[PDB]
């Protein structure tokens, strides 16, 4: 059955799903959608929430911009990750052991509930960096301290998290986001300090997999795509 993923280079959510699909060895189509600046009129037929990513599954082979009513319409990046794991069980995108599977789901929830919001607020609103650094420390503390991925072996939990952590470093080095220069230097100093060695190793470990290389536009390209986001008003910074 066919898979079509509606994507955008500047969407870390869509990135999650690309990574999973790579790890699964899936056959799939990707189709870019200019969701923030010029959504196509047909897009609400694949996702009525008007968000990227969106996925169609099965139905007749059709051009992405002519979706078919017969395909299943699948929304929400984390639901997609679990769906891909269900579709491709021999790819072992989750552990088999219940407790280790629980570590992956807990890690995804920790990221979604306590970290992701802080990234948004700091980068889009320029709120203080310290609560984000705290949340990143908490997340780092859920990793196996001696090495490995969230649940040991690689799982969809690492697909869920690497798109945001991998963007953090080059966006900081490029100055992109609404936070102050002061909070910028503070975040760059923290993320380079020994406080955060474990998370740097994790980013290295996730980035080294072909699933990241093959779904990453390059750091400089990703910075460029991110400047096309209006909520990231380039040249704007909030202070205290």
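What we label the rigid core is the largest C-alpha set whose atoms superpose within 1.5 Å from one form to the other. Residue numbers count along the first chain shown, from 1.
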Worksheet item: Once the rigid core is matched, which of the two stretches, 32-40 or 199-207, lies farther off on average in 8 other deposited structures of this protein by C-alpha?
Response: 32-40
Worksheet item: Taking only the CA atoms, which stretch has the higher mean B-factor in the record, 97-105 or 141-149?
Response: 141-149
Worksheet item: Is the mean CA B factor in the deposited entry higher across 228-236 or across 214-222?
Response: 228-236
Worksheet item: Looking at 29, 201, 193, 47, which has the highest CA B-factor as recorded?
Response: 193
Worksheet item: Per the PDB entry, which option out of 86, 112, 76, 130 has the greatest Cα B factor?
Response: 130
Item to complete: Give the position of residue 58 by CA B-factor within its chain, expressed as the lowest, middle or highest third.
Response: highest
Item to complete: Ordered by C-alpha B-factor within the chain, which third holds residue 136? Give me lowest, middle or highest, please.
Response: lowest
Worksheet entry | residue 52, C-alpha B-factor rank within chain (lowest, middle or highest third) | lowest
Practice prompt. Please place residue 163 in the lowest, middle or highest third of its chain by C-alpha B factor as given in the entry.
Written response: lowest
Response to the item:
Tertile call for residue 157 (CA temperature factor, within chain, third-based) is the lowest
